[PDB]
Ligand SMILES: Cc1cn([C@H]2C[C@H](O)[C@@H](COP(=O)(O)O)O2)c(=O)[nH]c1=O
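To begin, one chain is listed below as structure tokens, in the form solved without the named molecule.
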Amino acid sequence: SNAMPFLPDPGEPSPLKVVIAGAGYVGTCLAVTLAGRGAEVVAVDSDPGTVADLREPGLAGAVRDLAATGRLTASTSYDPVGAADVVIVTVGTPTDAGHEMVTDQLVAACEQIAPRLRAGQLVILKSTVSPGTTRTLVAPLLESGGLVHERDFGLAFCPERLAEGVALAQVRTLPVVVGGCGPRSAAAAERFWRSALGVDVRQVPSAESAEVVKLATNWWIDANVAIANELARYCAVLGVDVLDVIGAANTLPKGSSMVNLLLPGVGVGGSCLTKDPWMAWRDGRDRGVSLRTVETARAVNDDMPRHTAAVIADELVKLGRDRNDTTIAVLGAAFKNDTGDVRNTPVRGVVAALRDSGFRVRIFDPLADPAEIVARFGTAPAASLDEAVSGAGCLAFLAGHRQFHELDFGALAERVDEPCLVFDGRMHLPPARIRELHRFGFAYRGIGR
């Protein structure tokens, strides 16, 4: 009979008790941010390794501090759901070869939460799902234990909009999109994010609407990266620098803000950009809508790793080098800068295409695990940066990690084999920095640069 049914008063002396189902990257970033603001958070993950550890810049140096305050704990069991105020589901939602969502992890998480759910609790789904999942799949699974959503517990979908590399800085200033499965669930979700995170909230009329926001965002990004890569390939045949063009074009106000030509790269990786547009495409296809912009964006960005390798080989040929006298040092293997995730990386495609022509390739990413490189590239990486760059006739920066921008190129020039080509895939070095490389005797070339 309450006016605020699914959430206590934010000025309550007792801490807010939060349970995060799925202690992945999104899960841990949210856990540390919530715990840092005074909430008692339990991270629940099926992997015993992740759980034992808990018990991204700034993440490891914040999980440790909050685990010591006692506000951040972890469990393999869903038993702490019963004492919780808010349950946030961030478990994996991978797609199959046919771009259909694999509900196995979500279904398992919901089947475990459902009997432990208590009236008055708030449940937020955060996993990237196909539209209608919160209301037609998740809600009935959570209702098996006798409760009814919106009436007994609040159920809302809230898209994850974390930027890998600057996640902990961006998380606490960015507005949260909230799609409630009803007016009670929508009000509780907004009240939660505003008090627990200190962020603004953008309400949408339904959970479905909030599910579309996520897929529309990744479709927009992936398709704009495709415009940008083709623009780079076009600038390349004109002898024009694409970054000067993008910079000048983006000074024009248009739509809600500015003309926003995204930066080009070596291709697109991660879950978000290579799966979410295909998921929208399949969902649309099953409903009779053809998403041609997705089809084209995915084909354009999937051809970039092979194109990047062709540009490298062509630029090396122009220096009088080839697959017989050049060893390529690939610096950066992750898709996202300031991350070490190589699960789905366009670097894999570049390396494979260079090795397909007959080139000797060395790999070095300072943030990636060596076994992760072995499992993804089939070869062990270089022991250190010096082992990778020594005798290299090419330095291919296929990830723009902070550590690569902090390097001394004057020292590098003394280790590499001259003439050495520096290929700027995802560094996007400014004109002043490019002059430094040439001064040390380096040949500089980039995608549309």
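Between two forms, the rigid core is the largest collection of C-alphas that superpose within 1.5 Å. Start at 1 and count along the sequence shown; that's the residue number.
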| property | result |
| --- | --- |
| Interresidue gap class [residue 402, residue 403; deposited sequence, unmodelled] | none |
| 324 to 332 set against 241 to 249, stretch whose average Cα temperature factor tops the other in the entry | 324 to 332 |
| Between the two ranges 13 to 21 and 423 to 431, the one averaging a larger CA B factor in the entry | 423 to 431 |
| Largest Cα B-factor, entry values, listed residues 396, 54, 44, 34 | 54 |
| Identity of residue with top Cα B-factor, from 364, 359, 278, 193 | 359 |
| Residue 173, C-alpha B-factor rank within chain (lowest, middle or highest third) | highest |
| Where the record places residue 106 (Cα B-factor, split into thirds across the chain) | middle |
| Where the record places residue 286 (Cα B-factor, split into thirds across the chain) | middle |
| CA B-factor ranking of residue 267, expressed as a third of its chain | middle |
| Residue 112 CA temperature factor, ranked by third within the chain | middle |
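The form solved in complex with the named molecule exists for this protein as well; it is not shown, and the discussion that follows is about that form.
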item	value
Residue 336, heavy atom within 4.5 angstroms of the named molecule in the deposited complex	yes
Exercise: residue 268 in contact with the named molecule in the deposited complex, heavy atom 4.5 Å	yes
4.5 angstroms heavy atom contact with the named molecule in the deposited complex for residue 263	yes
Any non-hydrogen atom of residue 309 within 4.5 angstroms of the named molecule in the deposited complex	no
291, 187, 225, 171 - the one with a heavy atom within 4.5 Å of the named molecule in the deposited complex	225
In the deposited complex, the residue from 177, 273, 139, 300 that sits within 4.5 Å of the named molecule by heavy atoms	273
Listed range touching the named molecule, judged in the deposited complex by heavy atoms within 4.5 Å, from 328 to 336, 375 to 383, 348 to 356, 204 to 212	328 to 336
Mobile residue between the shown form and the other one, C-alpha criterion 2 Å or more, rigid core, from 364, 193, 219, 281	364
